[PDB]
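Number of protein chains: 2
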Amino acid sequence: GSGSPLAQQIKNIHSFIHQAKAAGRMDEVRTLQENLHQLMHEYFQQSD
Amino acid sequence: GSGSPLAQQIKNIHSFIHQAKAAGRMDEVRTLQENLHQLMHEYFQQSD
Ligand SMILES: [Co+2]
Ligand SMILES: [Co+2]
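Residue numbers (the working numbering), protein chains in the order written: chain A, 73 to 120; chain B, 73 to 120.
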């Protein structure tokens with residue numbers, strides 16, 4: 073594929089984590105970290 | 073690609089975060105999250 077949709081979502085969530093910290097919303101940071109974790113599982117597949 | 077040496081380091085650090093959490097070492101989780109953050113900046117060539 074040429075869209076790299078998951079890489080784009082990862083980049084966005086990364087940015088959103090810094091923004092939530094800057095807003096004083098560490099609660100939102102936690103949820104976004106969980107979201108980033110899931111995306112990393114989708115993107116970085118464990119493989120032989 | 074997702075199989076580069078850098079991707080392997082990301083996979084490793086990700087696993088180490090789970091292990092540190094299991095050990096109750098949230099201090100180590102934080103340091104490892106900072107390391108993951110840097111690797112993601114390298115891999116996705118993102119700036120803050
Ligand atoms: Co995981
Ligand atoms: Co960053």
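Note that beta-carbon positions come from the ideal geometry of N, C-alpha and C, so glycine has one too.
**Message:** Please state whether the Cβ-Cβ distance between residue 82 of chain A and residue 104 of chain A is less than 7 Å.
**Reply:** Numbered from its first residue, the first sequence carries residue 82 of chain A at position 10. Numbered from its first residue, the first sequence carries residue 104 of chain A at position 32. It is not a contact, given that the beta carbons lie outside the stated cut-off.
**Request:** Compute the beta-carbon to beta-carbon distance between residue 116 of chain A and residue 79 of chain B, rounded to the nearest angstrom, for a pair I have assumed lies under 8 Å.
**Result:** Here residue 116 of chain A refers to the residue found at position 44 of the first sequence. Here residue 79 of chain B refers to the residue found at position 7 of the second sequence. Contact flag correct, Cβ pair sits at about 6 Å.
**Asked** Three-state secondary structure (DSSP) at residue 81 of chain B?
**Response** For the purposes of this step, residue 81 of chain B is taken as residue 9 along the second sequence, with counting starting at 1. DSSP places residue 81 of chain B in helix when its eight states are reduced to three.
**Message:** Suppose contacts are defined by Cβ-Cβ distances below 7 Å. Is residue 85 of chain B in contact with residue 101 of chain B by that definition?
**Reply:** Taking the second sequence and counting its residues from 1, the one referred to as residue 85 of chain B is at position 13. Taking the second sequence and counting its residues from 1, the one referred to as residue 101 of chain B is at position 29. For residue 85 of chain B and residue 101 of chain B, no; Cβs fall outside 7 Å.
**Request:** Would you kindly work out how many angstroms separate the C-alpha atoms of residue 74 of chain B and residue 113 of chain A, rounded to a whole number?
**Result:** Walking along the second sequence from the start, residue 74 of chain B turns up at place 2. Walking along the first sequence from the start, residue 113 of chain A turns up at place 41. C-alpha separation (whole angstroms): 12 Å.
**Request:** In the DSSP assignment, find the alpha helix (DSSP H) that holds residue 117 of chain B and state where it starts and stops.
**Result:** One-based indexing of the second sequence puts residue 117 of chain B at position 45. Residue 117 of chain B -> no alpha helix (DSSP H), and no H or E assigned at all.
**Within chain A, the residues that residue 83 of chain B reaches when beta carbons sit closer than 8 Å** = Counted from its first residue, the second sequence places residue 83 of chain B at position 11. Chain A residues near residue 83 of chain B: 116, 118.
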